[PDB]
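In what follows, a single structure is set out as structure tokens and then discussed.
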Amino acid sequence: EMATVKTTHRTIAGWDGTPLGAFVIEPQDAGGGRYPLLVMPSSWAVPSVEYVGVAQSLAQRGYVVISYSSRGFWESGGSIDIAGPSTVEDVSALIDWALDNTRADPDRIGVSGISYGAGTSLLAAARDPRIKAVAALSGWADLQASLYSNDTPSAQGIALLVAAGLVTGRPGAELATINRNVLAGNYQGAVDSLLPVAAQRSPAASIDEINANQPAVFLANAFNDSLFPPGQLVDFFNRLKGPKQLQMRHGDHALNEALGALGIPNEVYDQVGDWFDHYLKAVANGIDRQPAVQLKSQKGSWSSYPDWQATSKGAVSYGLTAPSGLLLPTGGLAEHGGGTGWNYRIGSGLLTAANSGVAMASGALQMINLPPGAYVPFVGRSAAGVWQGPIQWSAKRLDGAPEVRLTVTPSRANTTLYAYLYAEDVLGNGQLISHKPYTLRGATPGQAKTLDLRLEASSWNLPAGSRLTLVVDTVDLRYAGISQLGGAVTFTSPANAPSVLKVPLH
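This note's numbering puts the first residue of the sequence shown at 281, with every later residue one more than the last.
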């Protein structure tokens, strides 16, 4: 049965003596061996989000749990350093405190957190070989890849990082510099300020250290996370050599749940509990035999794979054909397989309906993104290339990351491209499955460049009556793109390197 637990608030010194506000949660046995230890850095102070409650529910499975506010948070001393070396070292300091002051088992230590605490936890697992298991929710592996994907600043990601920070605590120098840049609309400057110190804040840069330490790593993110897109997390997951599981879902806001305002359903920490129970309490619950990749579609049904490479088995290659039409020039997506030698010119810097997200209000703390639909017949063909596949007469499932190869010729040295994959119904209404930005800065005008874009991973049930539609344009409401009205982009498909969309259908 579940442990009765006692919760005590106290202040625990960090590595340098900085006082951290902590809830120490301890089973009451009593007679009465040691319990596995979980150290759990809380995340952003979003209203209604119950971090300590989540920690208590884990402790009730039979764990000592330390739920705490990182340096700089309201309840702690210090400054927020964006999961910098001090914040990460503090996890080790709290492990040491727990081993000396609670009935914690030094041989059975795990760490778990969400978002700020997820990145912190993974970094701690790289730096502290005592950690045997990690569960990181809605986190990152590569901070640069997350906020500056293909050299395109994620304006709404960066803005959200600032907004979340301002409700959570007192910024250190790095975050205050970001805040100052964002206030001016200077997203590129925000990025430039962070890049030199981003690698030490990125689990991906510590992949060898985590693999050496071989903790059991559980990752669970939303495909539509507003801060940290899935590709960078998948790439990290794929490189882990030890026990591991990746679960990806579509997020939505649940009401009256501990984590519903973060877009995380209660089922995630249910699975985390099972993960730790196996790896830290040797419970024979079969989690060791479960597939390493588990994906939940937008309709809420699960699929699974033994590894990420399996998602791409038998991917369909659609060749892009030359856009044609009297009124609405549109190309095809042609399975075996397309045209070469064509050219299609659009103007850069023009607005279209195809966007990754809506214009969003100053200070909003929405942690998942709900892309607007786009009516494909109103996507301006002088502003975008549009390629449509055939209407399906049977349901299909897309699981994985689509890839696009496209050759582009800019007339300006600076252009940003955006590729979007839509499920388009028979009437023309598109729901966005995936997208990716790509900035060409300092390109040679008039020189064709072949680009390989990997769109963000997704899991999507495509119903009978729908088709896949690719849109490529040059502006997006969520990114600080550098395209200029008056410039041009010409799409081509050279015989040597045809323009192709690869889609992982199942």
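Ideal placement from N, C-alpha and C gives every residue a C-beta, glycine not left out.
Identified DSSP bridge partners for residue i
i, result
"residue 724", "Answer by DSSP bridge pairing: none, since residue 724 is not bridged."
"residue 782", "597, 683"
"residue 773", "DSSP output for residue 773 lists no bridge partner at all."
"residue 347", "303, 320"
"residue 704", "710, 747"
"residue 582", "576"
"residue 738", "680"
"residue 762", "DSSP, once it has assigned bridges, lists no residue as partnering residue 762."
"residue 626", "769"
"residue 411", "389"
"residue 654", "710"
"residue 255", "An answer regarding residue 255 cannot be provided, because it is not within the stretch 281 to 786 covered by the chain."
"residue 604", "610"
"residue 308", "284"
"residue 528", "501, 575"
"residue 731", "686"
"residue 752", "665, 699"
"residue 648", "505"
"residue 432", "429"
"residue 417", "394, 500"
"residue 715", "700"
Residue span of the alpha helix (DSSP H) that contains residue i, given as start and end
i, result
"residue 504", "Per DSSP, residue 504 belongs to no alpha helix (DSSP H) and is neither H nor E."
"residue 436", "435-448"
"residue 406", "396-407"
"residue 553", "547-561"
"residue 636", "Element bounds for residue 636: n/a, residue is neither H nor E."
"residue 424", "423-427"
Distance between beta carbons of residue j and residue i, contact taken as under 8 angstroms
i, j, result
"residue 592", "residue 680", "6 angstroms"
"residue 603", "residue 584", "No, residue 603 and residue 584 are not in contact; Cβ-Cβ is about 38 angstroms, not under 8 angstroms."
"residue 626", "residue 662", "6 angstroms"
"residue 600", "residue 667", "5 angstroms"
"residue 334", "residue 539", "7 angstroms"
"residue 347", "residue 356", "Between residue 356 and residue 347 the Cβ distance is about 13 angstroms, and since that is not below 8 angstroms, they are no contact."
"residue 483", "residue 535", "So it is not a contact: roughly 32 angstroms between Cβ atoms."
"residue 275", "residue 716", "Past the edges of the chain, shown from 281 to 786, lies residue 275, and the structure says nothing about it."
"residue 579", "residue 529", "The pair is not a contact, with the Cβ atoms about 12 angstroms apart (cut-off 8 angstroms)."
"residue 490", "residue 394", "Contact flag wrong, Cβ pair sits at about 19 angstroms."
"residue 660", "residue 707", "In fact, because the Cβ distance is near 19 angstroms, the residues do not count as touching under 8 angstroms."
"residue 382", "residue 719", "Residue 382 to residue 719, Cβ: 50 angstroms. No contact."
"residue 787", "residue 785", "Look at the range of the chain in this structure, 281 to 786, and you will see that residue 787 is not part of it."
"residue 414", "residue 390", "7 angstroms"
Boundaries of the beta strand (DSSP E) in which residue i is found, first to last residue
i, result
"residue 614", "611-615"
"residue 289", "284-293"
"residue 817", "Outside the displayed range of the chain (281 to 786) lies residue 817, so it cannot be described from this structure."
Assigned exposure category for residue i - 16 Cβ within 10 Å defines buried
i, result
"residue 354", "exposed"
"residue 360", "buried"
"residue 279", "Residue coverage of the chain in this structure runs from 281 to 786, which leaves residue 279 outside it and unanswerable."
"residue 547", "exposed"
"residue 370", "buried"
"residue 581", "exposed"
"residue 616", "exposed"
"residue 525", "buried"
"residue 654", "buried"
"residue 658", "exposed"
"residue 647", "buried"
"residue 522", "exposed"
"residue 286", "exposed"
"residue 566", "exposed"
"residue 289", "exposed"
"residue 412", "buried"
"residue 606", "exposed"
"residue 789", "What is shown of the chain runs 281 to 786, which leaves residue 789 out entirely."
"residue 727", "exposed"
"residue 436", "buried"
"residue 623", "exposed"
"residue 495", "buried"
Residue i Cβ short of 7 angstroms to the ligand COA heavy atom set
i, result
"residue 488", "By its list of ligands, the structure shown contains no ligand whatsoever, and the ligand COA lies outside what it can speak to."
For this session: Please specify which runs of the beta strand (DSSP E), each continuous and at least 3 residues long, are wholly inside the stretch 453-526, giving them in chain order.
Result: Whole beta strand (DSSP E) segments, 3+ residues: 496-502.
Problem set entry | Completely contained beta strand (DSSP E) runs for the stretch 321-393, where each covers 3 or more residues | Restricting attention to beta strand (DSSP E) runs no shorter than 3 residues, the stretch 321-393 encloses them at 344-348, ordered along the chain.
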